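Only one chain is included here, represented as structure tokens and corresponding to the form solved without 9-hyroxyethoxymethylguanine (AC2).
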């Protein structure tokens, strides 16, 4: 695959997808045993290790629909990946989404044109694989890890209009990857889920503290890993 420097058999059937390749390194080095780096192409690191006997890969995606679409498509078509789990942050857009909540995205809205390019007059609604979702939910509920299940918004432009309106329709937060993941996974018959923590409140400008972030990042990765193994 053009953007991934891996040999046959170097990437697991289950891949965690953080946006930041340095966070990919962090997750692998912190949570996994017998870690190997199978990709340094573009400095977008991919690693493979084991977690409680299960082979797991962790692959940086970059930011935005186009960047994640590249890596998801190559992981699927070139490396036969089956389960794809984004582990990221989002900006919360409602006050009832709390700083410690781990969010499981059922679906995502978008202003990306990726689907209108495919479907024209059809509004395509991306969907998480329910088995992965319910396994993640059960993993959180098993521990007492606070979890909220709803929809997100996949934005094409980091730097406001209608986020305001989307919040009024109960949308939980904004990030830049989920629509692409969910759509491409489903198109190839693979399983996908996006697990998200809150990096801030965008409407009130209320940031989260570094300590709060460290805790929720742990809960997120633990949920991702517990649910597949």
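Numbering follows the first chain given and starts at 1.
In what follows, reference is made to the form deposited with 9-hyroxyethoxymethylguanine (AC2) bound, a form of this protein that is not presented.
Q. With 9-hyroxyethoxymethylguanine (AC2) left out of view, which of 202, 186, 44, 35 would have a heavy atom within 4.5 Å of it in the deposited bound form?
A. That would be 202.
Q) Does 9-hyroxyethoxymethylguanine (AC2) come within 4.5 Å of any heavy atom of residue 150 in the deposited bound form? A) Contact with 9-hyroxyethoxymethylguanine (AC2), no.
Q | 4.5 Å heavy atom contact, residue 89 and 9-hyroxyethoxymethylguanine (AC2) in the deposited bound form | A | Although 9-hyroxyethoxymethylguanine (AC2) is absent here, residue 89 would touch it in the deposited bound form, with heavy atoms inside 4.5 Å.
Q. How about residue 28: is it within 4.5 Å of 9-hyroxyethoxymethylguanine (AC2) in the deposited bound form, going by heavy atoms?
A. Answer no; every heavy atom of residue 28 is more than 4.5 Å from 9-hyroxyethoxymethylguanine (AC2) in the deposited bound form.
(Q) Can you work out whether residue 157 and 9-hyroxyethoxymethylguanine (AC2) are in contact in the deposited bound form, taking contact to mean some heavy atom pair no more than 4.5 Å apart? (A) Residue-level check for residue 157: yes, a contact with 9-hyroxyethoxymethylguanine (AC2).
**Q.** Residues in 149 to 182 close to 9-hyroxyethoxymethylguanine (AC2) in the deposited bound form, defined by a heavy atom within 4.5 Å, in order
**A.** Contacts from 149 to 182: 155, 157, 158, 174, 175, 176, 177.
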